[PDB]
Structures are given as structure tokens and as C-alpha cells.
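What follows is one chain in C-alpha cells, specifically the form deposited in one PDB entry.
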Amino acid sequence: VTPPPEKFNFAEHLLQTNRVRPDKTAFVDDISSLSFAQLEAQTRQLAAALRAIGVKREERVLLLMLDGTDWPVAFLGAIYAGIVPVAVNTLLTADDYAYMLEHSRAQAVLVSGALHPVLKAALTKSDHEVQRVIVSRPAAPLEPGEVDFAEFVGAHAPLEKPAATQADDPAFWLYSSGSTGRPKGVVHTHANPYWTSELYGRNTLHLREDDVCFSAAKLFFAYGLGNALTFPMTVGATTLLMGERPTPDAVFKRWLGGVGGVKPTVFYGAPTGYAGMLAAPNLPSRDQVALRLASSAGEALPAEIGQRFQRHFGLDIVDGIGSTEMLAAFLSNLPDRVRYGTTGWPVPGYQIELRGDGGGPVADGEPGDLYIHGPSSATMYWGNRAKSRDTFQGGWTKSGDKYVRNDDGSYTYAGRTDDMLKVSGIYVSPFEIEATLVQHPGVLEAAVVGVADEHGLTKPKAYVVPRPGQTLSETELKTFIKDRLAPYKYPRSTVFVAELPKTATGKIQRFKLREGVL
């Protein structure tokens, strides 16, 4: 793979690549579609619109939008103008967005109408620098100053040339959370999604022009950003986007060609999603779908889920591990080489290290801390030098995982080194859940650990000490957590206990809870 030139604008690169297929569908969702030509026009018109309102090169804008054909226009349009889009989760609270607006110093916000209310709350309570709010598909009247995304794009002539960016300049940000502290702004360069899209999308998955890509993982996830934007645009594939929550019925409807007259040939999701679909009553048969490749990421794929998917569809699930910091997978099974119970082999282009307790090599079969050296690594966490020093160490990126290398060169996941839990393939901090539970007036203490469910998938499990003298029923506690935590963070069960095992210094002995002692 030939490195990108030093003068390089990722958005312009993706546009140029597809000037050979102007009338092929680039993106299609429930209500709209965009050829590569139409996408290029609207991308460059949005870039001009953003510059016209005074957003200058290297400044950030907040991109808070459901998956839809407007999403890649917003993302590539900012990048084409040398403006840095900060692409964020659509299921967060006003407080979360308030912090992101201040931390990013976003100068404009591109928001889906359905998300305007939470953004309104975030703008009102924050010390933001937002100059303009641009609402894609408004769901309510427009407040003074705000503009409709389609009118905004339609009102400016396409920018004549891209910003003269370098390949190592920041191009976009994603946020990722550790076990405590604020979400971390992961800064990715113009080069990084070129490397992931060439090394993984093209050379590992073998995506191609006649593919139709469909990702249960949303575009604001690093995984989804590759699956359904950078990978397909790199090979000219057509991408199906879906705004709504990715339930089995929603997914099946798309698999069967219920949207845009296209049937997906490549599907991406988390193992939890695959388990959910395999259990659905209306699982399609192979003759009904056009899938040729099924990708999985976010959490380890239990062998039995892959085996059941293979037995039903005649297709393996290809399990790879990536991270927000590395942007896409660096360890992966191959489409024609799958070993269930492992994450496969290093992606060519990435060097992998397992380090022991002195930082040195570990022997095959023993766990070590995983570190990755690859050309797609994020450069830093914006504004957090301490965590950046901890993570990005002179060419090597600490993943937070432990892995075991097998005799055939494959790698088996062996857990985290930080307490973080991956539930439905999404980061969850047990300390957040604990902190939420102890604000219930009936809870004295709480400890949360991860437990494998019947399918081998990790879920939170809560141990709660009731506050003496307070009626506390499981049902009232479930309702308490319903409106305070996103559903994927719900504890699978809650065990009420009279005490928690504690050292003798006030620390909960969480491993005894993992061990089943209570």
C-alpha cells in the first residue's frame, strides 16, 4: 500500500476516487438517495456554506446526526473545507453534549431534528462558542438564527478546491470513555482513514465496487465510520444507511431489500446483535438474503454464535478487533480463514506486541498487555496530556486489553486491564452504574461487575446493599435505572446483599463478586 502524499485531503481523495462512477448510488436511506455525483456536489456546497458563516480551517464543528444521507455530506463537507467534524453518539444527555461543545470549542453544530431538543438543552447550560445551528430534517419550528440543512447546502455554490491540508493534519475527532473522567477526544488525521480503508477494508475484507454495505454500528462509532463510509467510498460500493434503532426486524427488512431497492451484500454488527438475530423468530434463510460477508466487532465473538450463524447461513462471521484510537481493526480473522474463539491474526501493516509485567516479551500461551504499532493511530487525546502519555508511547498504542498468542499465530482475548466493560460491544464503566445506583434513596452501597450470560456475552451485574429501614423492591429499582441509564447499561440482574466483601481499607473486593462468592 503506497502511503498517501504529504499534501492530502481525505474528503477530496474520496471524491476523486469516485469521479469514475458519478451515477452509481453512494448512499441511500429510508427517504432519500445520493449518487456519487450528487454527494460530491452537496459535500462541496456544505463546505462553502460552513466557510461563509466564518468557520475557519482547523476549527471544530459538532456532528450530532442519525445515520442518513445527510451524515456523509456533513462529515466530508467539513473535512473538504479543512474544518474538523467532531462526530458524536446520538444517545447521550444534554450534560454530555454540553461538555463536548465546550471541550471541542465547536463553532457550529450539524444536528438531526430529532436530536434538536437535547442539543437545545446542552446549548442553554454550556459556555459554548456555537455560531450557527444547522438542522437536518427539522422535527419542529426553526428558532431565530437556525437554518435548515438542505437550504443551507442549497444556498451556496460548491467550494472550488479543498483546503490545502497535510496528511498528518487533524481531520476529525471521535470521543471515547474510560472508567472515570470525561470522554476523551480522539484526534484522527487525514491519513488515518486512508490506511484503515486500504489495509482493512480493501486488502483484508476485499470490499469491492458491486458490494452493498450495511452496518448496524452507527457512523459515529469508529467501526461504523469505516464500515459504512470510508471503506465503501474507497472501492465505490453502495451504502445503505438506517436512522432508527437496529433491531432484528429492522435489520431483516433491509437484508431482504425493503429499502432503496438494494439488498446488502456486506453486514457489520456486534456479537450481541448477531445473537439477537439468531434468536429472532423471523430470521431469514440464505436464499432470501444476498449477504456474502458478515463482519463483527466491539466485543469477543463467542464461538457458538459464529458456529450457529455459519450453520444457518453458510457464512462465517469475521471477528476483528479495532479501537477508536486505532480507527479500525488491527487483529482480525479473514473472510476465508476463521478460527472461532480467537480474533485471528495481525492485519498486515500493523505490528502487534504482547508485553509482560516488566514490559518485555511474553511466551506463547501466556497473557500479555496488547500494544499496537500501525499507521492509523490517533495522535493524542485533545487537551488531556496525562492520558495521552499513558496511551500513545512513541509509536505504540496501549489498547487496554490482554491477549494470548496461539501456536498458529492467532490471538485469543483474555480481558481488560482497567475495569471497563464491553456490553453490546459498547464501553460501559461499572463505576458509572454504581454511582447511579447509590443515588437511589433506598441503596446504601452498590458494586457492579461483568458476568457472561448464557451466550458467553458480558453484561453488567449489580450487587446492592439496601439502606436499612428503606423499602426497596427490585421493580422500583428497575424503574429508577430505566430513565437514568441507556438500556445497554441495564444490569442483567441485581442481587440484594446484606454486605459487600471489603479489604480492610474500604475497598470493595470486586474479584470475589466475579468469583460468585455472593
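Definition used throughout: the rigid core is the maximal C-alpha set that superposes within 1.5 Å between two forms. Shifts are known only where both forms have a C-alpha. Residue indices: 1-based, along the sequence shown.
Absent from the display: the form deposited in another entry. The rest refers to it.
After superposition on the rigid core, the C-alpha displacement between the shown form and the other one reaches 2 Å or more for just one residue among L34, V55, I481, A48, namely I481. Distance between the C-alpha atoms of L92 and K482: shorter by at least 3 Å in that other deposited form than in the displayed form. Core superposition between the shown form and the other one reveals a single run of 3 or more residues with every CA shifted by 2 angstroms or more: 471-490.
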